[PDB]
Each structure stands twice: as C-alpha cells, then as structure tokens.
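Single chain ahead, written as structure tokens, the form deposited in one PDB entry.
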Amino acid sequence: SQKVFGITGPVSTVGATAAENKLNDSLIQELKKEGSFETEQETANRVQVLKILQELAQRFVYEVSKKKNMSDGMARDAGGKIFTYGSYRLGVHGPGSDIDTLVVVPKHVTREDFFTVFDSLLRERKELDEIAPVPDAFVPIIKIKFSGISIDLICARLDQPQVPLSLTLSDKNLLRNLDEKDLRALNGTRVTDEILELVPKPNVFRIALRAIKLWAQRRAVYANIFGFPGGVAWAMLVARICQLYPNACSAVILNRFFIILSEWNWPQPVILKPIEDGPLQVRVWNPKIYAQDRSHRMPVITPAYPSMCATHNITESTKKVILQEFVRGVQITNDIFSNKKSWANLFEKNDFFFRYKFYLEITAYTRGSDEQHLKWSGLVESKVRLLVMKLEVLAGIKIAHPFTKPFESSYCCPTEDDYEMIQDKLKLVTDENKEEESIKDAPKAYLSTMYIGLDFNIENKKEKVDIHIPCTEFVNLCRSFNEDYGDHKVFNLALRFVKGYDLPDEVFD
C-alpha cells in the first residue's frame, strides 16, 4: 500500500542479479539440509487439525449460547473463530513446531466456559493424544497434543455479541472493554498479523527468517529470558530489513541484515510503521514519558497497538555479544558472495565453552518432585539476567556472557546424606532406566546448571576483582522469594568460579 517500505522508504529498489539468485537457491538448499521445513504431508496434517479445532470452537460457542436460552439461529450466528500466531502463523515453523492457537468468542462466552465446555468438547475426541490445562498461567492456556501435533490454546473474548467467520483482528477497536488477560491474548495474533502486512514480499521474508532463526539459535543469541532477542524480536528485525530492499532475494537480505544492524545507531528503535495511539488507558512504548523505556538498549517495537518493546531484557553484555555475531555475519556473508565461504559456515555452532578463561557456574538443586524442580530452577534461571547486570557493571569486568541452555540432570537420591552430598562434587536417571520399577519409584534429586562467560579487563592490575557480593546477593534474592525456596532440605543454589581449563566434560558433549 506504501507502508510496506517502512518509515524511511526503501534503500534500493534494484532487483536481484542472476548470481544472487544462485546463492539464494543454495541458501534454501542448506535450510532443507538442516530440516528447517516439513513435508507436504505434515503441513496437510496441521491444516486438518485446525479445521477440526474451528469446528470445535463454533460448537463451543453454540453450546454455551444455547445454555443462555438463545435462538437456534442465534446460537449458530454467535459464531466463534480460530486464529493462529507464533511460528506457524508466520510460515516459518518446523517439523516439530507446535501450533499456537487463539480462540475468539462473543461477550456471553466466559473463560470459565472455556476450561469447562471447550475442554470437555476436546476430550470427547479420538485425536486427543493428551491435554494439560493450566488455567493460571500469565495467559490462561490449555496445552494439548492432537493427531500427533502440539497445540497451544488461549482464549480471548471480545466485547461484542457475535464472532463471524469473516472477522479479522486488525481494528484497534476490538480491544474495547477487554481485561488484561484477554487483551494479552489478542496481542500475539494482532502482532504477527501486522508483520506479514508490513513486508514487501512475504516469501522472501520467510526464508530470511528461517535462516535468522537457525543462525541465532546456533550462535546462542536466541533466548529472551537470558537477555537475547526472542522469536518475535528476530522476526520484526528481519522485516525492517525486508522493508529496505523490496525486491531482493532472501540472500542479499541476510547480508544487508547483518551490515545495517551492526552499524545501527542503538538505541534508535526499530519500528515497522509509525507508533500509533489510542483509547485504552494502557501505556504505549514512549521513551520520552517512561523511564523504563528510555533504558531499553536495542529497541525492537511491536507494530500492533499498543506498541511494546519486544527486547526489554537486553543488557550491556548481551548487547555486545549480539553486535559481535552481527559483525561475524558481515564478514561471512560477504565471503559467501565472494565465493570464498558457504552458508554452512554461517550456521556453525557457537564455541561458548572454548572462548573464555573463566566461567561462573550456577546450579539449582531440588530434592522433591518434578514440579518442584521445574519451579525452583525456573526461578533461578529467570534471575540469571539480574546477575549479568550487577556483574557487568563492577570494577574491571569486560563482559558477563550468559549461555542460553541450562544443563539438566537428576539422580536416584534415596537417603538424606545422599542429597547433602550430590551437591558437593546417586544413580544418573536416564531415558533408559526411567520407567523401570526400581528407578521409577526411587526418590529424586534434580539440578539445573547455567554458565556465565567472564572476561576481566586485561589492563594491568595486581589481581582480578572479587565478585563475591553480587554472587551471594543473587543467591539471597533467589531464596528470598518464597518460604519453600528458603528451605535447604529440598532446594539449593550454588555458584562456583571455574577456570576454562577445569570445565566439566558434559559441557562439550
């Protein structure tokens, strides 16, 4: 329409040279080799599950409407519709990707109705492989497996009487009178919906995103919780570049992507359209008004009202890592165009555990249930980011690089002396002896381990600067959160300074 060229108009309208298309085809070839795509069959199986889910959404609404003494024609007209968002919505999902699904219902259909009626309607089916309703998440959701496909299901209820099949959620007004949770549920689809609408060629955009997703995950800079961009972040970033080069191939895009983003005058934010305004008393991203927004280091703003910063977590250290990976990209993709390097080069696994002379090892323990460790450790994990910030600001610390994948492991811990022992360094549970009588019964002890790469300023001081305060603190805050956490009988947290030379063998597996 015009907005497909971004807020600065394109950088160049030039088409792709025959040579550039050759490199683009080889790029897609590599992606295929990496099994990025799925088979026409598996795609067809997702279309089918969704088709059924739509059928169930209508049935859900219809049934609830009837119980409200509605006409046979009105219960039908009340409608009910299914929307997707996430990986599948953008068309960059993979063989094992789940399908994030939003269910929209009229005013008279409540969330309670959702976990009751809709749920029951799901169970009344053969294809239901399993259901894990978690009604109290930040965004109420019902997680299920259907016909061998994972489906995330959240429910949004609009302040209107009907939800027709034609309804699209672009209108800013659909948000009227909604509550925090419903409002939160609409945002996902509204955002992915706009991304696809602000890009010149959605197909060029998809291949380039698959590449960036792969790349980011291999270079260990794809994890929102640790201060790196998440999926939506990476997507908007690719789209901003697709905007700049309307008719280039995905290959030239990845190159311009790395160059521009590494030279970008951060914290100038990246946006796909002019930040809008509106009704709701809700805050919109605005660094002039809100301090919290003035501190975002690399802002990537969502286009759908109300605009938020998808990269809030980024710190000064992860910021450096990200620039570093961008630079390595300028260098490698420039080589791939000179015929001196290949795409596989670009997608090479990182070497986190080989690059620093020291590391901070954080381990969370749990002598209890699988749900207790998932909770405890899930807390520590989320807080690691705070430590990176306390750490990267002290004396002479050049960087505090948080790795992005904790190391999980549990042991059959029968005694008490066995617990207050496995955390001093006892049969390593395994996918082999997991459901075996003797094992499956045995009480367990879990532990999740995380690392922070450290680089001390090689200035010329007599000695490195002790990081005891920040560490002990991080411990405290992590315990001082719940009464159960500050126990010691079930939960434990330890931090050990480790030289690159003494890293655990499991870290290189």
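Only residues modelled in both forms are compared. Rigid core here is just the name for the largest C-alpha set that superposes within 1.5 Å across the two forms. All residue numbers are counted from 1 along the displayed sequence.
* Is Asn345 unresolved, in the sense of carrying no coordinates, in at least a third of the other compared entries? -> Residue status for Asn345: no gap in any other entry.
Exercise. When the other entries of this protein are compared, is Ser369 unmodelled in at least a third of them?
Worked result: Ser369: modelled in all of the comparison entries.
### Query
Does the entry skip any residues of the deposited sequence between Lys425 and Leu426, and if so, is it 1 to 3, 4 to 9, or 10 or more, or none at all?
Gap between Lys425 and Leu426: 10 or more unmodelled residues.
- request: Higher average CA B factor in the deposited record is what I'm after, so tell me if that's 361-369 or 87-95.
  value: Higher mean C-alpha B-factor in the PDB entry: 361-369.
Average Cα temperature factor in the PDB entry - higher stretch of 119-127, 192-200:
Higher mean C-alpha B-factor in the PDB entry: 119-127.
*Options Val429, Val105, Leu214, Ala400 - largest CA temperature factor per the record*: Within the set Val429, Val105, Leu214, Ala400, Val429 shows the top C-alpha B-factor.
**Asked** Among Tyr222, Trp285, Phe257, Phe138, which carries the highest Cα B-factor?
**Response** Highest CA B-factor of the listed options: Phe138.
Q: Sorting the chain's modelled residues by C-alpha B-factor, tell me whether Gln243 ends up in the lowest, middle or highest third.
A: Lowest third - that is where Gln243 ends up once the chain's C-alpha B-factors are sorted.
Cα B factor band for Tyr501 (lowest, middle or highest third within the chain)
For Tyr501, whose C-alpha B-factor we compare with every modelled residue in the chain, the answer is the lowest third.
inquiry  = Using only modelled residues of the chain, where does the Cα B factor of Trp264 rank: lowest third, middle third or highest third?
reply    = As the PDB entry reports it, the C-alpha B-factor of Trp264 lands in the lowest third of its chain.
Cα B factor band for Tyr290 (lowest, middle or highest third within the chain): Answer is middle: the recorded C-alpha B-factor places it there.
* To do: Using the B-factors in the PDB entry, rank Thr168's C-alpha atom against the chain and give the third, lowest, middle or highest.
  => Lowest third of the chain for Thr168's C-alpha B-factor.
Below, we refer to the form deposited in another entry, which is not included among the displayed structures.
*Quick one: lay the two forms over each other on the core and tell me which of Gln372, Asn334, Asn286, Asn433 moves its CA by at least 2 angstroms between this form and the one not shown.*
Result of the superposition: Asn433 is the only one at 2 Å or more.
Rigid core aligned, does the Cα position of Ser26 differ by 2 Å or more between this form and the one not shown? Comparing the forms between this form and the one not shown, which are aligned on their rigid core, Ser26 does not shift its C-alpha by 2 Å or more.
| query | Quick one: once the rigid core is lined up, does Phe481 have its C-alpha move by 2 Å or more between this form and the one not shown? | reply | Yes.
Distance trend in that other deposited form - C-alpha atoms of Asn482 and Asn492, change of 3 Å or more: Residues separate in that other deposited form, at least 3 Å farther apart.
task: With the core superposed, could you pull out the runs of three or more residues whose CA atoms all shift by at least 2 Å between this form and the one not shown?
output: Only these runs move by 2 Å or more: 431-433, 479-484.
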